[PDB]
């Protein structure tokens, strides 16, 4: 189980424990998965998606049953296999990002470009620049949110945890349907309960008993 972000990442003055990333409460490394909505014209191929998220064009390719140069239709959610490793007491997958234009912010990079796969808190915590002091050409360490299954999750038969990008209209029940798991199991992984509220544009952990489906459909 990991703590749920609970929209604490939309206010870059918030300092909650969860905004700095998932907590290293299990094995030191593991295979994990991210999700990412294809965006044209900059991030709609395996090369550019894996360049942004620091994966590999063929892992993206095999994970979605496409070729490593297949253009992905805009707004399609694709799975991105990434190595998750403990770092300073946090689970993360290290990636790098050059600011393309002066005017981008830690929040715009976190919520817009990376689609809430990281937080401005984690970006600020792991980069030297002050928030109001960013210029085109600055090179940022990007800690992407991932986690490794706990011994309790591994005992229940979960091999991977997946970071899911929640869209408007979904529920822990409809998301768990995509991956064929108990709606409960999704609530455990994010330390939620039956009455808990799940916001869109906020990443959610999904425990997987097998590899994710090649094509995620209705979200």
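Numbering follows the first chain given and starts at 1.
Taking only the CA atoms, which stretch has the higher mean B-factor in the record, 172-180 or 62-70? It is 172-180.
Between 109-117 and 126-134, name whichever shows the higher mean Cα B factor according to the PDB entry. Taking the mean B-factor of the alpha carbons in each, 126-134 is higher.
Highest Cα temperature factor in the entry, among the options 161, 165, 187, 53: which one is it? If I rank 161, 165, 187, 53 by C-alpha B-factor, first place goes to 187.
According to the Cα B-factor stored in this entry, which of the following is highest: 40, 35, 31, 194? The record points to 194.
If you rank the chain by CA B-factor, which third does residue 154 end up in: lowest, middle or highest? It falls in the top third of the chain.
Ranked C-alpha temperature factor of residue 22 among modelled chain residues, by third: For residue 22, whose C-alpha B-factor we compare with every modelled residue in the chain, the answer is the lowest third.
Taking the chain's C-alpha temperature factors as the reference, tell me which third residue 99 falls into: lowest, middle or highest. Its C-alpha B-factor, which the entry lists for residue 99, ranks in the lowest third among residues of this chain.
Looking at the C-alpha B-factor of residue 77, is it in the lowest, middle or highest third of its chain? It falls in the middle third of the chain.
Assigned third (lowest, middle, highest) for the C-alpha B factor of residue 147: Middle third of the chain for residue 147's C-alpha B-factor.
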